[PDB]
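As provided, query-v9.cif (mmCIF, C-alpha atoms) reads as follows.
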```
data_final
loop_
_atom_site.label_atom_id
_atom_site.label_comp_id
_atom_site.auth_asym_id
_atom_site.auth_seq_id
_atom_site.Cartn_x
_atom_site.Cartn_y
_atom_site.Cartn_z
CA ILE B 1 142.29 108.17 125.82
CA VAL B 2 138.69 108.83 124.75
CA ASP B 3 137.00 110.72 121.91
CA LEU B 4 133.62 112.43 121.64
CA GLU B 5 131.11 114.10 119.33
CA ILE B 6 128.15 116.50 119.51
CA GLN B 7 125.13 117.04 117.33
CA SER B 8 121.90 119.00 117.76
CA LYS B 9 118.94 119.90 115.54
CA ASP B 10 120.06 118.01 112.44
CA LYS B 11 118.83 115.51 109.86
CA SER B 12 120.80 112.75 111.61
CA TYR B 13 119.47 113.79 115.03
CA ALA B 14 116.08 112.09 114.71
CA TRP B 15 117.65 109.28 112.70
CA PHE B 16 120.11 108.80 115.53
CA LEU B 17 117.33 108.83 118.15
CA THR B 18 115.41 106.16 116.25
CA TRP B 19 118.54 104.02 115.91
CA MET B 20 119.22 104.22 119.66
CA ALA B 21 115.58 103.41 120.40
CA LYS B 22 115.44 100.15 118.44
CA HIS B 23 118.81 98.85 119.61
CA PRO B 24 118.58 95.86 121.99
CA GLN B 25 121.79 96.48 123.97
CA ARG B 26 120.31 99.70 125.39
CA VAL B 27 121.11 100.03 129.09
CA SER B 28 118.96 103.16 129.42
CA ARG B 29 119.19 104.41 132.99
CA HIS B 30 116.59 107.11 132.28
CA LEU B 31 113.28 106.40 130.54
CA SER B 32 110.22 108.21 129.23
CA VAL B 33 106.78 107.18 127.98
CA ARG B 34 105.22 107.76 124.55
CA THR B 35 101.50 106.99 124.43
CA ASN B 36 99.93 106.16 121.08
CA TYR B 37 96.70 104.61 119.80
CA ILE B 38 96.95 101.25 118.03
CA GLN B 39 94.34 100.54 115.35
CA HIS B 40 93.59 96.87 114.65
CA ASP B 41 92.23 97.84 111.23
CA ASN B 42 88.42 98.14 111.48
CA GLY B 43 88.28 95.16 113.86
CA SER B 44 88.99 97.22 116.98
CA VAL B 45 91.05 100.10 118.36
CA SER B 46 93.03 100.27 121.60
CA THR B 47 95.61 102.52 123.24
CA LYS B 48 99.19 101.48 123.96
CA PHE B 49 102.57 103.03 124.67
CA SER B 50 106.33 102.76 124.22
CA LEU B 51 108.97 103.51 126.86
CA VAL B 52 111.22 105.82 124.86
CA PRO B 53 114.57 106.41 126.61
CA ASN S 1 96.28 134.41 116.99
CA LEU S 2 95.60 131.46 114.68
CA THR S 3 98.03 131.04 111.78
CA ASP S 4 98.23 128.83 108.71
CA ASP S 5 101.08 126.75 110.11
CA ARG S 6 99.28 126.43 113.44
CA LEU S 7 96.12 125.44 111.55
CA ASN S 8 97.93 122.75 109.58
CA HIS S 9 99.60 121.36 112.69
CA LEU S 10 96.29 121.29 114.58
CA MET S 11 94.44 119.50 111.79
CA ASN S 12 97.37 117.08 111.45
CA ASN S 13 97.86 116.38 115.19
CA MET S 14 94.23 115.77 116.10
CA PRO S 15 93.57 113.05 118.70
CA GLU S 16 92.43 109.79 117.17
CA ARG S 17 88.75 108.83 116.98
CA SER S 18 87.75 112.48 116.67
CA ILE S 19 85.59 114.70 114.48
CA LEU S 20 86.66 118.16 113.37
CA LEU S 21 84.01 120.87 113.70
CA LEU S 22 84.08 124.30 112.05
CA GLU S 23 81.08 126.25 113.29
CA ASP S 24 80.15 129.17 111.03
CA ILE S 25 82.81 128.64 108.39
CA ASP S 26 81.39 131.71 106.62
CA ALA S 27 83.02 133.98 109.23
CA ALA S 28 86.14 134.41 107.07
CA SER S 29 95.36 135.76 110.68
CA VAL S 30 94.49 132.65 108.66
CA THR S 31 94.62 132.95 104.88
CA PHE S 32 92.00 131.78 102.40
CA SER S 33 94.55 129.87 100.33
CA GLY S 34 96.08 128.35 103.45
CA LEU S 35 92.68 127.13 104.60
CA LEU S 36 91.87 125.72 101.17
CA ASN S 37 95.16 123.83 101.02
CA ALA S 38 94.73 122.58 104.59
CA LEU S 39 91.27 121.15 103.90
CA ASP S 40 92.23 119.62 100.54
#
```
Could you write out this structure as structure tokens?
Amino acid sequence: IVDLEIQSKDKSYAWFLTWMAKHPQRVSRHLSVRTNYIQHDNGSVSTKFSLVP
Amino acid sequence: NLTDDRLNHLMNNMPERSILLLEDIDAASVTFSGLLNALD
């Protein structure tokens, strides 16, 4: 009645992760945090983040 | 314990708004060619 698939450590793995991340219908029940520094060119620099699933 | 791959990763994953410092670069597991390629 249902079908499945596995993949690990592969070219499509990171591609898949990025595709899941951008998608708006994500219902992610578990989250993480990725901190990164945002550079506003030479005008200013500040630190921000993204809640990766 | 330092290695060429470790060196490249360190110089590529430095925190932002930072200055690299190599005190006494004349001291020279790192390789000469690896260092040269890493710098330029």
Closest contacts (chain B/chain S, max 12 Å, all atoms listed in the file) as JSON lines:
```
{"residue": "B:35", "atom": "CA", "partner": "S:15", "partner_atom": "CA", "distance": 11.5}
{"residue": "B:36", "atom": "CA", "partner": "S:16", "partner_atom": "CA", "distance": 9.2}
{"residue": "B:37", "atom": "CA", "partner": "S:16", "partner_atom": "CA", "distance": 7.2}
{"residue": "B:38", "atom": "CA", "partner": "S:16", "partner_atom": "CA", "distance": 9.7}
{"residue": "B:39", "atom": "CA", "partner": "S:16", "partner_atom": "CA", "distance": 9.6}
{"residue": "B:44", "atom": "CA", "partner": "S:17", "partner_atom": "CA", "distance": 11.6}
{"residue": "B:45", "atom": "CA", "partner": "S:17", "partner_atom": "CA", "distance": 9.1}
{"residue": "B:46", "atom": "CA", "partner": "S:16", "partner_atom": "CA", "distance": 10.5}
{"residue": "B:47", "atom": "CA", "partner": "S:16", "partner_atom": "CA", "distance": 10.0}
```
- Message: On this structure, the PyMOL selection byres ((chain S and resi 28-38) around 10) would catch which residues? List them as a ChimeraX atom specification, sorted by chain and number.
- Response: /S:1-9,11-12,24-27,39-40
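Atom CA of residue 13 of chain S is found 24.3 Å from atom CA of residue 8 of chain B.
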- Item | Exercise: residue 29 of chain B partners within 12 Å, all atoms listed in the file, chain neighbours under 3 positions left out, as a count of residues only | 5
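Taking atom CA of residue 50 of chain B and atom CA of residue 21 of chain B as the two end points, the separation is 10.0 Å.
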